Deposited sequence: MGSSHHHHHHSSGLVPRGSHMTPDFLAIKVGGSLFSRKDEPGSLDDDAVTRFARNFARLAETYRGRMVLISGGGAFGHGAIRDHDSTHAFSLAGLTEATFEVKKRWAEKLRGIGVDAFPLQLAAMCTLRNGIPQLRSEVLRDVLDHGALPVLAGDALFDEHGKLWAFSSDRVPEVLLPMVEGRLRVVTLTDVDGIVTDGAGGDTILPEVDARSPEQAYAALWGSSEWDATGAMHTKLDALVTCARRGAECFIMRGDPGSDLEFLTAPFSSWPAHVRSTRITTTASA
């Protein structure tokens, strides 16, 4: 509860990188991943993981009453595919079932397993994804990958950077990207989604939630072969070609 120095000149202490399903699969082609995209992304994620050893999670999107239980199995497969690929290039990537670690209480995700923190402290790379989570009444709910960074908020010390890679450069207004969103008052960003129609709304809600708890959050375009080293760097030092929507408080 100490004073945390923050700003565009500061280096993040922790990276939560989420890779959208759009970027490595097609809905028209169920349970089929684009292996080339996974391969190329994995190379870039591997470099980040070495710098942020024990200070990063990779969150995968994608993945095919109690019937929702199949979701846990579907998203486990996606985590396996990333982790296998990453281990193949020397990263200590370990998939973790969020449903075994987290439950919902009054709608808020609750981390209920100490294992995630231990895995990080051991210097491994947790590979996470969305899931089917139980609430306090025993009902299952689909918990989007986009919301996984929320589960990190009480656990991460220091400066959390959350980056959601998607198939657009940010929040589009009209015609142009919105470069900055103030999480204390983001009504303009929500108004832009209404202009352009719920995937991005879930992203915004999640990243506003994280930004209100100090995180530096980005919506930006992913590309399998793109160098991501700049995500280790202070925002003010980013290359000029990089486009994003930045959500902060």
- Query: Which parts of the deposited chain sequence are absent from the coordinates, listed in sequence order?
  - Reply: 1-11, 76-88, 199-202, 226-230, 283-286
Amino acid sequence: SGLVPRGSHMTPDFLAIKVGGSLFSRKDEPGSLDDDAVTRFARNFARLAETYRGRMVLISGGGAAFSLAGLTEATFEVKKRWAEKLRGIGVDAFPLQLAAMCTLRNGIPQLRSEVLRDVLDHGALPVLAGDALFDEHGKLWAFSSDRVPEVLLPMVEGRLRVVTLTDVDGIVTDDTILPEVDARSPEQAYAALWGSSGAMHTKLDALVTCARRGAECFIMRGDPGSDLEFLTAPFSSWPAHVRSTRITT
From here on, numbers count along this sequence of modelled residues.
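Basically, rigid core = biggest C-alpha set you can superpose within 1.5 Å across the two forms.
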- Message: Between 147-155 and 111-119, which has its CA atoms farther from the current form in 6 other deposited structures of this protein, using a rigid core superposition?
- Response: 111-119
- Say the other structures are aligned on the rigid core; which stretch then has the higher CA RMS in 6 other deposited structures of this protein, 203-211 or 26-34? 26-34
- At least a third of other PDB entries omit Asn44: no
- Query: Do at least a third of the other entries of this protein fail to model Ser197?
  - Reply: yes
- With respect to the recorded C-alpha B factors, which stretch has the higher mean value, 123-131 or 154-162? 154-162
- Item | Higher-B stretch (mean Cα B-factor, as the entry records it), 24-32 or 202-210 | 24-32
- Item | Of the residues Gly54, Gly61, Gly195, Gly70, the one carrying the largest Cα B-factor as recorded | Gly195
- Message: Checking the record values for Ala215, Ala65, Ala49, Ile219, which has the greatest CA B factor?
- Response: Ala65
- Query: Which third of the chain holds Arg87 when residues are ordered by C-alpha B factor: lowest, middle or highest?
  - Reply: middle
- Entry-reported Cα temperature factor of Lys79, expressed as the chain third it lands in: lowest
- Item | Within-chain third of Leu178 by Cα B-factor, per the entry | highest
- Chain third (lowest, middle, highest) by recorded CA B-factor, residue given as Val168: highest
- Query: By the record's CA B-factor, is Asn106 among the lowest, middle or highest third of residues in the chain?
  - Reply: highest
